[PDB]
Each structure stands twice: as C-alpha cells, then as structure tokens.
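> dropping in the first section of the assembly, placed as in the complex:
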Amino acid sequence: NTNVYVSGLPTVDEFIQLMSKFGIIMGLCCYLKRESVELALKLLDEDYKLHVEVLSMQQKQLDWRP
Amino acid sequence: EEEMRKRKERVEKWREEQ
Amino acid sequence: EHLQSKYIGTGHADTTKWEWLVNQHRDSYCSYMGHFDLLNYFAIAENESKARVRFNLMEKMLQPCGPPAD
Amino acid sequence: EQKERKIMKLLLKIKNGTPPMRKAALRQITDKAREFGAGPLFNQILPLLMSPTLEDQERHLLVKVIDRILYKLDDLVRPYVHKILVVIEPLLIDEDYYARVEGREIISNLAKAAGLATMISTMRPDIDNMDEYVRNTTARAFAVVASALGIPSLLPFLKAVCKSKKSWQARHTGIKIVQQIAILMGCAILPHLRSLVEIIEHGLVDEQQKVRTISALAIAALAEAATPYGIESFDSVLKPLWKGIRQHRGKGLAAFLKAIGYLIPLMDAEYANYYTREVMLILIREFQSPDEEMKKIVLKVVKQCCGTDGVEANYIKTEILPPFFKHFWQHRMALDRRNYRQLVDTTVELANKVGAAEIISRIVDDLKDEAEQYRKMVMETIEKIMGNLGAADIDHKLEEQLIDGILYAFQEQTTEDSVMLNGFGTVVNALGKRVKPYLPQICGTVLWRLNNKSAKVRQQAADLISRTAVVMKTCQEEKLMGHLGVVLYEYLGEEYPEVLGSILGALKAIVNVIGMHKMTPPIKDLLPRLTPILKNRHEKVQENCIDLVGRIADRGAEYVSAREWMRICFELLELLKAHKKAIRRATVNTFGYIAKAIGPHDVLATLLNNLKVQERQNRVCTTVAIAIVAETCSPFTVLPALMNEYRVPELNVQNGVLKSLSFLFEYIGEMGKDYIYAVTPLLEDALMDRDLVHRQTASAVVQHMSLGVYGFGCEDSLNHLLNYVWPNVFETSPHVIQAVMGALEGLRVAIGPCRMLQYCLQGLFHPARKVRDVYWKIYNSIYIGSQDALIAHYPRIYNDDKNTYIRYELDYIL
C-alpha cells in the first residue's frame, strides 16, 4: 500500500510540497510506489510535531530515459 | 559589565596620552 | 566523424590497401626517426651511420610502397 | 558602380550572419581587392571605421578585413596613405585598449604595405605642426611605423629630426617618437638602445625647457624598457642628468628625477651608491615641494633607489627615513588616493630593505591618531609590512604600541572598514603565541563590537573572529571562545544573510578550535538551530551553515541521534547538484562526514529507496550521494546493496543501479581496482540485456571502470567486458552508440591500442559499407589516440606485384 495518513499538521499547498520530498505523488497522501512509505515513516515522523501512519506518463516519471 | 567600562578606558586613555 | 580529417593517416570506408599501407610505412619511418634505440638497432644491423640511416628513411617517405595501385 | 554594391553585400555578410558566410565574403573581398582598387575600397571602408555605432567585435572583424586587403593591395595604397592614416590615428589615443591595439595593427599593416619613404613623406609635415595633439598622435604613428618595420630603418630619419634647428616643435616630436618607440616595443629596444640614446643625448643639454623635458622622459622610457640591462648605453647621459639635477627646478626637474629613478636600478652596486647619494642632496630638498606631480615622482625615485641592491640599509636608516617620515607621514597625505597608494607602496619597500620594526616604530604612534583616513593609511601600511615580513623583528615594547593602537583604531572607526579588519587579523595572526597577554583586551573589544546595534558592524566583528580564532585557542580558550560562541548563537536568528553567513563563519572557526565537550551552546542546542538555516536561499549562509554542520558531523558525531543525522542527509541531498561550486563542495564534504556519523548501512538503504521513487533531478542526486558513501566509509559496504537492487525484476530500478555504478566508478577512481571482478557479472547481464538504456549505461560503467583502473592490471576483466561491449558497435540509437564509443575510448587506455586494433582488423575491408563505416570510425579513434603505439601492433601484410608492403627494418636481427 502507497497510502499514508498524517497528523500534527499546521494547507494542501504546504502538505503536497512537504510530502513531495519522500517521492512522487499521483490528512492523507497517495504515493506512486511503496518505498515512499518507508521514507515517510523514517523521516516525516517527528519533522509542531508531525506524525505518520500507513497511468503510463505517471510511471514514466520514474524512467531513466536520456 | 566590563564591556563599556574598558571601551571608555581605551578612548580616554589615548586622549590623555595625546 | 568529420573532425578526424584534421589528422593525416585516418581512414574511411573507401580507403584502399595502398592508402592504408602508405600511412603505416610513413608513420613507421617517423617512429624510427624519433625512437633513438630503434634507430640504433637499424644502424648496427646495416653497419651504417645513424645520419645515413635517418637520410635513407627520409628518402623512403616519398614513395614507401611503390606507386599508387593505378 | 554595381561592384561597389557587391562590397556592401560582402561587408553585410561579414558584419552579420553565420561564420562561414563571413569567411567566404572575406575571401571574396581579399582576392577581388586588386580589381576593386584602393581608392574605392577605402572610400567605402573608412566611413564604417569612423561610425560611432560600430561595436568592438564589428571593428575587430573590419580590422581582419583591412589587414588582408592591405596585403593584397600593397603599393596600390601609396596615394591614399594620407587619407587612411588620419582616420586611423585617433585609435592610437583611444582609452579603449582594444580600439588602441587595433589602430596599431592597421598602422603596422599600412606601413608594411606602403613604402617607408611614403610613410615619412606623409607624416613629416605633422612633425612641425603647432598643435601638440597632432604632434602627439604623429609621435604614436611613427612609433608603430618603427615597430612594424626595422628600428634601424627609421634611425636616419630620427637623426635628421632631432637636429632640425629651424623648429623646436620638430626636435621635440623626434624625441617624442623616441619615447613612444620605447613605450611600444619594450625589451625589444635593447639591441638598438645605444643608437636611440645617442639620438636623444644632446637634447638634455638644449636651450629649450620643452626639449630638455621630453629628452629626460625619453631617457626614462628607454631605461624603463631596458630594465635591468643596457646601462652601458646610458653612459652618455649620466653626466648631463646630474649637471641638470643640480640646476633645474619645477616639472623640468621632475623630468630629470624621473630619468634618474629608472637609471639607478640598471647600475652596478658601486655606481648605485655613488649616484644614489648624488640624488639625495636634491631629492630630500624636493620632499618639501608643494606640487603633487613632483611628490608623485620623488616617492617613485625613493622606491627605485632604495629597492636597488648597492644602497646600504644603514644609509636608508640614517639619511632617507628622517626627512621621509617628517614630510610624508603627516595627516595631509591621507587626503588624495593617488599620493596615498604611492606613499604606502614606497613605505612598504623601505620596510623590505630596512626591516619591519624600523618602519613600523615610526608609524605605530599614529594608529592612535584623530583622523580615520590617516589611521586607515597607517593600518594599510602595517597590514602590508607584517604580511610581507611577519612579527620576528618587532620588540615587546613595539607589540604593546601596535596592539594598543590596533584596538583603539577598531573601536574608533564609525563605519566598518575592510582595512581595519585586514590590519587587525594580519597583526594578530603574525604575532601568534605572543598575543596571549592581550587576549582579554582583544576579546573584550570584539565582544563589544559584536554587541553593537549595526548589522555591518557585527558582520565585521564576526569576520574578525573568523580570521583569528586559531590564535584565540592559546589559553582560557574554553572560557573566551565559548562566550564569543554564545553571543554568536543568539545572532543565528539574523534578518540579514550577509551577517548570518559571517555568524556561521565565526561559529565554524570556533568549532575548528574548541574540543567539542567544552562547547558553551552545547551541540544538542547548536544543531537544531542550524537545521532550518540549511534551507536559507543566500549563498553565504548555505556555504557556512553546511560547512559548520560538516564540522559538527566530523568532530562531534556522538552528540546527536542517528535519525537527526538521517533527516539532515535527506535535506542536504539536493544541494549535491546546486548551481554554486562552493555549496556543492560543502555538501559533498559534509555528506561524507554524516555518512561516517550514521554508519553506511541505513543511510545507503534510505538512498536506494529514494533512488526508486523520485524525479530524474533528485534521482541523479542519489547517484552522487551513494558514491560519496562509497569513497567515504567503505566501497565494499555499497556494492553488495547495489548488487541486490539489480536482482529486482523491474527495468527502472535496474537502470537506476547502473547510473549509480557509472558515477561510483567515475568518482572512486583508482579505488575501482578492488571491485572490477565483483561488478563484472552484473555488467554481463546488463550488456546482454534487451533494454537500450541498460546497454547504454553498462557501457558508461565500462568507460569509468577502464579509465579508473589504468595501470593497476585488471586487463583480464576488461578484455572479458570488451567481448560484451563490442557487439553493440552496430547499434544505431545516438545515445547507445556514443556510450559504446566512450567505452571503447576508455578500453583503448586500460587494455591498450594493440587489443583495440585486433578487434578492428576483420572489419576495415569487410564487404559491407555499413560494417566499414563503423569500423573506420572506431579505428580513427584508436589511431588519433595511439598513432605511435600502433607501429608495433600492425599485422604483417605481404607484398603484391606492383607494391611493397613488408616492413624490412623490423625484420632485421642483432
């Protein structure tokens, strides 16, 4: 699952910018890929105290095309 | 507080030496 | 690539046996002229002076393989 | 008429459009030049050169035309020399250096084109002109004429001009030409020097003050150009100059003193003594002179005489210093920047010979002066002298006066001065261990200025800490350094980034000094305060903040949590690719510290998960980060994790580990030798694989492995990888084929040109043109790369009927 819930929040404008650092996104969040959830649990926890618990073109953002 | 005490000493001490 | 043409002795898909060997021979004689030990070897082997060996190599630079194919 | 329009078309295609249009049009003008004729062609070109609108690069291209048409036209220019010259001459006097050099270039070309006799016959009527401006340009024209042609060629003309009895204006211009020749030519004068001096020599003796002045300036210019050689040439003029020094007054004497100042550095030590002493009887008298032009000269002559080897340090100490300090080291001299810089220089040179303490002891009494600008002058002089010579010469009683004065000057300047910051930092760093007794006074003075209300004034106080914390280490360091740091810790909330950068630059200087246990804002309080500062937009803040977080990671890793470091790494991650070189270098160094701090395992696991889920921008940043975690810590800790990411059956993660490996091998360089055998089987899979981008970047890994391991053996593993690179030689996609050429150009170095030739031979004459095109492209890279090495490696090719193809010399035996 790529969906993540977040607590201890301050806007949507803040929230998306804040979470974009843990990986691409297609309160609650929905990442493209599962590993973003590992990054969020490691890092966005404690980041106020923030608190955290658990098509083609969109995938083509992860591509290494030159 | 030494800070201003020593500041005033420096400036006067020259104008006494002058 | 085009810029390789700045450098003599490169080739291309219509380079002939004669063109390629003439560059190998010219590069070889220039190498012999520079490498003092390789020039020593030929002077001793021919029993000839290093100055005449150098001169003979320079004379060979003009037409090292004989005339172009036709 | 229409061909003149073609000149317009050709000018247009030079002045505008693509470089081959310019090149073609220039070739057209230049070969057509004979037909166009000098008259019409210059009637058309000179209006452009006269236009105020013409850019420097347009003018330069028009000069690149003028040179070539002048060469082509040659003698055809002779009727038009006069007209051409008067348009060009003003360039020789333009303040723009490039407009000036361009004018000299075209007068040079015009003088190669036109006969010497015609240049002389053109410019001779201006020798005698009433306007000094006309004479001045004419003198510069003839100097360029002399430069382009032989100097001896012009000598017989100069010999007539300098004895032209009927006009002082003419004799004057002759000697201007002789001066201008020396200014233009430089050391190239030397073989013609005595010929030039013997043209001037009678002028110093003349009955006209103008002619004596210009002849003294000519001799100054020749002596300047000749330095240090050529004294034997000037033996003619030595007597006339002293006979003049003892007699002349005003700017007419300033001219003779200028000449002498350039002659004394040319002399042997015995003559340097005799003639310096001859100077001082008059030069000391001129120390009283009201004239700023004279004062400029006498400081120059002092600098030149005292800089000469012969003159005793004791002579300077006894006869120069007392009148010099009396007349120049006084308040009135600070008022003019010209005199100011000249006096500072002259004084520093006196210090170079006589010693630091002899000069500094005459100056330091004025560090405590009234005037800011005069305190600035002495401070700049002490700055320069102790930067040159250090503290060794200075008495204890002179330290006391230096430091008292330095502290007073700093507490006195109303506005932050760079000079005071320089002087204070220099003197403290020079004195070093000797500063120990004064540290309380220094610290109190800094701390006072660091509590000041002004932004700039606190910036200067923090800068001073930054430059001097190394000296402050000496004693009670924990006590003093610590309170300075607690004051700085308050200013970490600065509204001004210029200031904050310095606060950080001062904190950085403290942690490079203090043992981290004795920190007064504890590291637990320091780091959290810095974490929001890492995100500041301003370069100076980012540099000093990242670099400071660096020293905390390096020196005091233990005081903060693994997770605290982990969050810091993840924020630093994008700064690895920041625009500014300083910010990147700070980020690279300090990510390297924090990777040691965390330990490689979980920072790498975090980086490999980031490498799977971010945009191309941040994914390339993780490839840089993973390589830092390899070069720092252990490479052997990184590769096992990357090997496992490649076992994930998804093209995007697999492609990611290939970029990671490609940068890792570029980055770790010579360390790569231990790792080729381990990474080899991954590169087999990657280079056998169907994906175009796998094969592209596996080829890029092979380039960097190859260039990194050159000379450390491993050619067995690189030969093996060449068997998988080489089949890709017929790939047609731009990115894969350029990466394959890159790999082959790498392997040419590490396996050598012999091997690369052995792969080319069967394709050079293969039936198919599409094999030949590809193989000759590769061969040409090997050939350009390794032309002399290939001599040994070429195969035996047998003779034919018409042609000899054996190399018999290499068949010889000894």
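Structure received. Residues are numbered from 1 along each chain as shown, chains lettered A, B, ... in the order given.

> residue C:23 is in contact with residue C:9, isn't it?
Yes - applying Cβ atoms under 8 Å, one finds residue C:23 in contact with residue C:9, separated by 4.2 Å. For every residue, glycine as well, the C-beta is placed using N, CA and C.

> which residues does residue D:539 contact?
By Cβ atoms under 8 Å, 6 or more residues apart in numbering or on different chains, the contact set of residue D:539 is D:580, D:582, D:583.

> relative to residue D:575, how far out is it?
As judged by Cβ to Cβ, to the nearest Å, residue D:539 and residue D:575 stand 11 Å apart.

> circling back: for chain B, state which of the contacts of residue D:539 is nearest.
Among the contacts of residue D:539, residue D:582 lies closest to chain B (Cβ to the nearest Cβ), at 34.7 Å.

> and the closest residue to residue D:578 other than its chain neighbours, what element?
Nearest non-adjacent residue to residue D:578, counting by Cβ to Cβ, 6 or more residues apart in numbering or on different chains: residue D:584, 5.4 Å away. Taking DSSP states H and E as the criterion, residue D:584 maps to helix D:581-598.

> immediately after that helix, which helix or strand?
Past helix D:581-598, the next helix or strand by DSSP H and E is helix D:600-610.

> and whatever helix or strand residue D:781 lives in with chain C, contact?
Assigned by DSSP H and E, residue D:781 falls within helix D:769-786. Yes - applying Cβ under 8 Å from any Cβ of the partner chain, one finds helix D:769-786 in contact with chain C at D:769, D:772, D:773, D:776, D:777, D:779, D:780, D:781, D:783, D:784.

> buried stuff in stretch D:5-19?
Across stretch D:5-19, burial judged by 16 or more other Cβ atoms under 10 Å in any protein chain shown covers D:7, D:10, D:11, D:13, D:14, D:15.

> among those residues, which are in strands?
Taking DSSP state E, every one of the buried residues of stretch D:5-19 sits outside strands.

> quick one, what contacts the closest residue to residue D:422 other than its chain neighbours?
Spatial nearest neighbour of residue D:422, chain neighbours left out: residue D:383 (4.9 Å); criterion: Cβ to Cβ, 6+ apart. Residues counted as contacts of residue D:383 (Cβ under 8 Å, 6+ apart) are D:419, D:422, D:423, D:426, D:427.

> grab the nearest non-local neighbour of the spatially most central residue of chain A.
For chain A, residue A:19 is the residue whose C-alpha lies nearest the centre (Cα atoms, centre = their mean; 4.4 Å). Once flanking residues are discounted, residue A:19 sits nearest to residue A:29: 5.2 Å by Cβ to Cβ, 6+ apart.

> measure that neighbour to chain D for me?
Using Cβ to the nearest Cβ, to the nearest Å, one obtains 13 Å as the distance from residue A:29 to chain D.

> confirm that that residue sits in a helix.
No - read with DSSP: H, G, I helix; E, B strand; the rest coil, residue A:29 is strand and lies in no helix.

> and chain E, same structure:
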Amino acid sequence: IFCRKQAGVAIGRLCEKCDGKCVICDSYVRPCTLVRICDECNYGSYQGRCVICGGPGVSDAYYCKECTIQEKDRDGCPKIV
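Okay, here's chain E dropped in alongside the others:
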C-alpha cells in the same frame, strides 16, 4: 560545436553555474588540467567568456582527469561555438 584552433597562453574561464564542470564531458569529478583557449576566443568581448556558455567567467576552466588521460586536453581550444 567545439572551436578546435590551436590553443595558446590564455586560460579558459567558467561562470558560477558551470563552475567546476569539464568543458568536454560536463562531469564535475576531479578537475586536473587547466583549460587553455585560442587568442581569438579570448579577445575583447570574447575575453573572459565562459568556455561552455559564454557567460562572465568567475573561475578557471579545468579538464577532468578522465579527459586528461585520453589526451583530450590536446585536441585544440575547447570553446563551445
């Protein structure tokens, strides 16, 4: 395209954005050999131009180690044109 005229005494320069990149390969790893540019590319307005982009040069341009090994320092004045 690269200029490839014979290089001279003039040192190549880089703007802040391109600072530390190798003109030939655009890598930022291990600058080793000072870039040298032809006089024409360093004349007047051209003087002080960034080798890669022609911007004001804040630092000296440096060819990387990988390029120096391959003798790519030797091809001629690497001013991009």
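
> re earlier: now check the helix holding residue D:584, is it near chain E?
Yes - residues of helix D:581-598 contacting chain E under Cβ under 8 Å from any Cβ: D:581, D:584.

> what are the buried residues along the helix or strand where the residue nearest to the centre of chain A lies?
In this assignment (DSSP H and E), residue A:19 forms part of helix A:12-20. Applying a neighbour-count criterion of 16+ other Cβ under 10 Å, one finds A:15, A:18, A:19 buried in helix A:12-20.

> all strands for chain B, in order.
Using DSSP E, strands in chain B do not occur.

> identify the residue nearest the geometric centre of it.
Short answer for chain B (Cα atoms, centre = their mean): residue B:9, at 1.8 Å.

> distance of it from residue A:5?
Distance from residue B:9 to residue A:5, by Cβ to Cβ: 65 Å.

> quick check: residues of chain E near chain C?
Checking chain E against chain C by Cβ under 8 Å from any Cβ, the hits are residue E:4.

> in chain E, which residue sits nearest chain D?
Closest to chain D within chain E is residue E:19: 3.8 Å, counting by Cβ to the nearest Cβ.

> so that residue, which state does it fall into?
coil.

> from residue D:97, how far out is it?
Taken as Cβ to Cβ, the span from residue E:19 to residue D:97 is 27 Å.

> put the alpha carbons of the helix holding residue D:584 into CSV.
Presented in CSV, the C-alpha positions along helix D:581-598 are these (Å, rounded to 0.1, in the frame of the first residue of the first chain):
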residue,chain,number,x,y,z
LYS,D,581,30.6,25.3,-6.8
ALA,D,582,31.1,26.3,-3.1
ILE,D,583,27.7,25.0,-2.0
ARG,D,584,28.3,21.6,-3.8
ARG,D,585,31.8,21.2,-2.3
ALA,D,586,30.5,22.0,1.2
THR,D,587,27.6,19.5,0.7
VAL,D,588,29.9,16.7,-0.7
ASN,D,589,32.5,17.1,2.2
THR,D,590,29.8,17.1,4.8
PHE,D,591,27.5,14.4,3.5
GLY,D,592,30.8,12.4,3.7
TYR,D,593,31.1,13.2,7.4
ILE,D,594,27.5,12.5,8.1
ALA,D,595,27.8,9.1,6.3
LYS,D,596,30.6,8.2,8.7
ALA,D,597,28.4,9.6,11.6
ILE,D,598,25.4,7.4,10.8
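
> ok, now which ones touch the most centrally placed residue in chain D?
Nearest to the geometric centre of chain D sits residue D:581, at 17.1 Å (Cα atoms, centre = their mean). Residue D:581 makes contacts with E:16, E:19, E:20, E:59, as judged by Cβ under 8 Å, 6+ apart.

> picking that back up, name the residues of the helix holding residue D:781 that are buried.
D:771-772, D:774-786.

> closest one to chain E out of the residues you listed, please.
Set against chain E, the nearest of those by Cβ to the nearest Cβ is residue D:785 (7.0 Å).
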